[PDB]
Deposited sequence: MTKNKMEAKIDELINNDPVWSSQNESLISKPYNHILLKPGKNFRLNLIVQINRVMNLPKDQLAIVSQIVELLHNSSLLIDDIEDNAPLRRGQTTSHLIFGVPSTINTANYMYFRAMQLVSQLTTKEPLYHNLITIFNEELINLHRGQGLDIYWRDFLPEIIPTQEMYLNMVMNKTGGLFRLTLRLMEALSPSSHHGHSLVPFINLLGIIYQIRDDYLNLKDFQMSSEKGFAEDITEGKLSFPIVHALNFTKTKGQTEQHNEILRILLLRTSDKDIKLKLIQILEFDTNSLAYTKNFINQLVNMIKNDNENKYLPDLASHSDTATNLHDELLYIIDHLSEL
């Protein structure tokens, strides 16, 4: 009857999707929205698409990161998952990873080069997830595994390194005219400095509430272990396992790192040495 006819039109056409449907799906993403080329020389408009790709990937990974860390704030406003819900926020971020994958074919149609660009995109997203996976495992299975400094730096080369290397590698492949080593050291300085300032700025220090194995915390645990300081080693673990928002307890942990282990000075010195490798 009339029904068969409707079904018939439906199954012989592409799936139906409107601009109004698209706006519903983008609500969690729009909420978060609120120089190297001097060397590579890419045509200003090819340069725009790379910029759109990087922005899509960065903002989407942040939406997922805030759910994985149970975070209340980002860029000074309530997090998207607390407004639209965890379900809609996961699906929207994941949708945008595939929208970014689609902009790659707009960079070129040369079949050989296209394949290399997709391989770069695939490899670095695999590295970002392997690094984020290990950082989460250490935090959520604590005190099963306490990483060493060497293990921490390998995690950062995967995690933080992934999107820095992604941006740089796409640009070098497209250049009409390798700084990877330089971009790798830049990502390492950036991550250790972030961990350092999260504590020094407080002195909200949310890395303590989250129980993160940050660069300063890694130094402190291995220092107390090496010197046989049993009670202090254990006190650091107890406070991290509390998942606390209590300002007085966070200050107590910060005091151990400053007065017992000298971990803040140690980290300051480490960052300085890394910066010097470039300045000399």
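By the record, the deposited chain contains unmodelled runs at 1 to 3, 38 to 49, 193 to 197, 224 to 229, 307 to 340, with no C-alpha atoms placed there.
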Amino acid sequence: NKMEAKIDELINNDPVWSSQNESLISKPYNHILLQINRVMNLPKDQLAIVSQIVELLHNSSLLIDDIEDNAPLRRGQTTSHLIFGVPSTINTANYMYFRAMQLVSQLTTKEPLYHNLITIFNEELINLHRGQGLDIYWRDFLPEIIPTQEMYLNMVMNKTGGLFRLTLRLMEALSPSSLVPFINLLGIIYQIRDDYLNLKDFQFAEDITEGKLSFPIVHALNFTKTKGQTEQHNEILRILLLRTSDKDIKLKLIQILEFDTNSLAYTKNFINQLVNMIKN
From here on, numbers count along this sequence of modelled residues.
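Under this definition, the rigid core comprises the largest set of C-alpha atoms superposing within 1.5 Å between the forms.
Greater C-alpha displacement in 9 other deposited structures of this protein (rigid core superposition, RMS over structures and residues), of 125 to 133 versus 105 to 113: 105 to 113. With 134 to 142 and 104 to 112 compared on mean CA B-factor from the PDB entry, the stretch scoring higher is 104 to 112. When the two stretches 204 to 212 and 84 to 92 are set side by side, the higher mean Cα temperature factor goes to 204 to 212. Looking at 236, 218, 42, 57, the one whose CA carries the top B-factor in the deposited record is 42. Across 192, 126, 153, 171, the greatest Cα temperature factor reported in the deposited entry is at 171. Among all modelled residues in this chain, the alpha-carbon of residue 27 has a temperature factor (C-alpha) in the middle third.
Per the PDB record, residue ranking by Cα B-factor puts residue 245 in the middle third of the chain. The deposited CA B-factor of residue 61 belongs to the lowest third of values across its chain. Ranked against the other modelled residues of its chain, the C-alpha B-factor of residue 199 as given in the entry falls in the middle third. In this PDB entry, residue 251 carries a Cα temperature factor that places it within the middle third of its chain's modelled residues.
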